[PDB]
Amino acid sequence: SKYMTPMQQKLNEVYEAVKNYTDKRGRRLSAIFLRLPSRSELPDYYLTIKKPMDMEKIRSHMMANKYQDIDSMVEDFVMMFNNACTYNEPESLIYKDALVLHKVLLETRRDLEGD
């Protein structure tokens, strides 16, 4: 069916709020987070990040209908943001963008608390 259940609609709304967020200059902060590069590209990344995560992984899990609740999706986004803030320096743009998208995530979930 093309009709999503209420839980599926809520998962999709959360995912899309993070994906689609743009700053005041029109930059889509999710860009860098869509797909993690390889070991070759980020030498230290897979040696230092225990549980790699990107938005394509979350999206595919969502599309396979494998998230049972909203907390489960939020957990994977929070993992991704913690990973970004572990690998990257606090002065880096990626670290700053992770912090903004984390707020988008939490604000979106809270604004759907009644739904």
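Numbers for residues come from their place in the sequence shown, where the first is 1. Between two forms, the rigid core is defined as the largest C-alpha subset superposing within 1.5 Å.
Enquirer: Which of these two stretches, 88-96 or 5-13, has the larger RMS Cα offset in 9 other deposited structures of this protein when the rigid core is kept aligned?
Expert: Farther on average in 9 other deposited structures of this protein: 5-13.
Enquirer: Quick check: by Cα RMS after rigid core superposition, does 32-40 or 51-59 differ more from this form in 9 other deposited structures of this protein?
Expert: The answer is 32-40, which departs more from the shown form in 9 other deposited structures of this protein.
Enquirer: Highest mean C-alpha temperature factor of the two stretches 102-110 and 15-23, which is it?
Expert: Here the higher of the two C-alpha B-factor means belongs to 102-110.
Enquirer: Could you settle it for me: does 65-73 or 44-52 have the higher average Cα B factor in the PDB entry?
Expert: Between 44-52 and 65-73, it is 65-73 that shows the higher mean C-alpha B-factor.
Enquirer: Among 82, 88, 30, 38, which residue carries the highest C-alpha B-factor recorded in the PDB entry?
Expert: Among 82, 88, 30, 38, the PDB entry lists the largest C-alpha B-factor for 38.
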